[PDB]
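Okay, so we've got the same protein chain twice, two forms, each given alone as structure tokens, structure 1 and structure 2.
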Structure 1
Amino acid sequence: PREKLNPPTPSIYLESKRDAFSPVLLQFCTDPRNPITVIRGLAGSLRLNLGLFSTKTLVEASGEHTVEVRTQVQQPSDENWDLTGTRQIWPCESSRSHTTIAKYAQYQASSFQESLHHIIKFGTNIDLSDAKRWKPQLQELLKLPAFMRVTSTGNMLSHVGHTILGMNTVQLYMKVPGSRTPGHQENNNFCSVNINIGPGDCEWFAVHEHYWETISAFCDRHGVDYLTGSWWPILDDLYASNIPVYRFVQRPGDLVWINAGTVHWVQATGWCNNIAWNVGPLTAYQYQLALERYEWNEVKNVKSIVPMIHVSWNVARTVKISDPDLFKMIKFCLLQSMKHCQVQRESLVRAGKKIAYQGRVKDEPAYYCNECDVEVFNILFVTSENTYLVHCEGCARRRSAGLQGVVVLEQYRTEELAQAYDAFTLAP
């Protein structure tokens, strides 16, 4: 029906700072039945100074900061045309270039005044990770309830132990009308927090995680990579497949919570800035979706930007988990991980290959394979290309000389993992 295919937007209006900090808010935002939530009056209720994220303030703060520009043809939010302008298509291609905040600002400001073109420029992926450079901005985001913050005990990304750019650091987007964010799910299905600084609106579209394989099938049919390509759903295709589509406007000061694995796309209707980062709540729902996308990525040779094995061990070492469903999932992941390390050690020892203990140091990143981008946990196959390259076991073995010239390192002895694992118990 027309009613079921156009579901109402899950919405919250905070009348007070107290309601912002209610446990009811966290349960509403993370409810699997709410794929996306818009929190009206969030900035006002928390007295957030969003002026700190105004274009004028940003220019003064770091005018020469790099902006990744996406050049796009301006089109209505429910349209994406082929080159002839006669039919709708899924692929939504852009050109990628670079400029500065100061220069993008002048373009943003000048277009805004002139309104008082066919081709537009979208200022993307602006990196607000530098804690000194963006101190007042980042400090302002400490006013949010804990579950929404960049860093918190209940956020899996706060147990990584190092920076994951754009996930546990804030990204800024500077927009003019028509600036288009193509359809996607977040890295490893992690939740996202997005605030419109404004002065104008953003239009949002979203589909429940449940339907993602159908959207992936459309992408394949229309010649674009679902996981890594740039695409814009044809709404009529979605409706013809009985897929409900959420549609709403995000006004200045409104916070959008993108729940785990929600497929979403966005278009600026006015001139505005957006800020965003990811959160991974420590729930069975989020953890399951994170691990299944982790496994699917490996099938499809796509890098998992969240190193889920590394993360699961860190969580197990420090966090008390009381939910039996989530505990079981983490416990299983850890046991599989120990077994996988063990198989590698045994085959290395059978081959007569030496393993050196390397250990871990503070702030050390998690490693990925240079050839296939898979997470490489604990047992590292290392080659000298000063410059060292890490490989997974398969790719190391595949080298023309096999393991000749490859040094194998171990970052955690069996006993280290066994002791961490044994201490990880279900909390009362």
Structure 2
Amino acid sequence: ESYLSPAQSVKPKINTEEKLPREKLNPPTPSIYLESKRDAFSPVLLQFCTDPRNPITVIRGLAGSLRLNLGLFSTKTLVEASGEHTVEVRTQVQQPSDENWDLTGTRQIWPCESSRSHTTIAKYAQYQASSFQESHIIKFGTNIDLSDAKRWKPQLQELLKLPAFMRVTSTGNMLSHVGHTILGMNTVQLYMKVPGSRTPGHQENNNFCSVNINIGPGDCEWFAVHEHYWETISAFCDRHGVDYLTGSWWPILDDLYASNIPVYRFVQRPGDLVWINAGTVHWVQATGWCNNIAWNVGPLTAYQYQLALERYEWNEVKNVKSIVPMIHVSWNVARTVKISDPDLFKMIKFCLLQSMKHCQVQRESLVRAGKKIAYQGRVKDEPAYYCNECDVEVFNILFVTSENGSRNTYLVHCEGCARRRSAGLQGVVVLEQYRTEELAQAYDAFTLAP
């Protein structure tokens, strides 16, 4: 029933029981300098950054290296190009990056206060500038969508200069095979910061890699822990009553150290690019006044695919939506991308085989009941679908209802939630987007490329 085969794991062997000395608990972060575009575009850089033993890499002066005009992301330029669109803010307590104090200011805690409100780019910019002029609570403009191709064209054009595996869109990027928009993952988000502005502890959605460029003028301080330790960090969150996957928490560094967890700590200067490898747990605080831009990428590695599918299944256990629809993505990749890595090939092939089996069983049960199934094929830029009630991905066979609102709009449900409503599926239209033979031939057409 799982889309993963445990036997196929490529996770690195790490023995948490081996006690580590202070030195190994404070490892250095890999810090690369690129001299030429040739080096930035080398497959060797892709291999270096995605190696499962390398959780986070900083690529020093990458902006000047490739002649990226990061001034196009200055606050002044952004304001001039913006409209009145609403953006969101987090209000936080300004505190040292290694600290997070309880209300009485007597002890360190994990839960981290970070409340939501809304503003505009231009009004947040006035706050950022007034902060810098000195004219304690702070505000952080976060997850600002730079997705409008027209409004943000010069900005987005500058990012086309990055090496392919870092780009927002690329054929070696799983997120570019979603076929619909996931704002901030396969589109750019902007972060406008004052000193103290925090992005609290997390793994990326579905454990996808992340790219972050600091525009400046200030620095950002980063903290990171290898994927391997994530369950131990989750246990701290639970101990302190904050949700690991969806809550706002800031680790106590000595808790991680006591638990034998190495923590990477480094400073990201203006023009530096941080590559966050798959599954790396990280948190970030602005040291100065700066803007960052960031998005996700899913390079075609077995480690990435495994960690994305593992989180997909864990989200299902925890009743948390996976905003990357991994079954849909897996078939799209299989149909359109040559996979030469034998580990990654075996994993995708295994996932597709389970998906075919499920769809076949589902279809045979419907046919046995005499339930009409209509074909509604895929079309360009069509989204992937999820159950309205339980938020699981619903792939291929769709159980849709128009009962509420207009009889011409339908909500999608999984089989389970559809059958809980009307056990005879009365009033449920069943669609299939891929005929049995379309999936069979896509599966057979998917073979290991040399």
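Please note that residue numbering is based on structure 1, beginning with 1 at the start of its sequence. We call the rigid core the largest set of C-alpha positions that still match within 1.5 Å between the two forms.
Asks: Does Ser11 move appreciably between structure 1 and structure 2, meaning a CA displacement of 2 Å or more on the superposed rigid core?
Replies: No; that C-alpha moves by less than 2 Å between structure 1 and structure 2.
Asks: Can we say the CA of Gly402 moves by at least 2 Å between structure 1 and structure 2 when the core is superposed?
Replies: Passes the 2 Å threshold, so yes.
Asks: Superpose the two forms on the rigid core and tell me the Cα shift of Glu93 between structure 1 and structure 2 in angstrom.
Replies: Displacement of the C-alpha, rigid core superposed: 2.2 Å.
Asks: If the rigid core is lined up, how many Å does the C-alpha atom of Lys354 shift between structure 1 and structure 2?
Replies: Between its two positions, the C-alpha of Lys354 lies 1.4 Å apart after core fitting.
Asks: Cα shift of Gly63 between structure 1 and structure 2 after core superposition, in Å?
Replies: So the C-alpha of this residue moves 4.2 Å.
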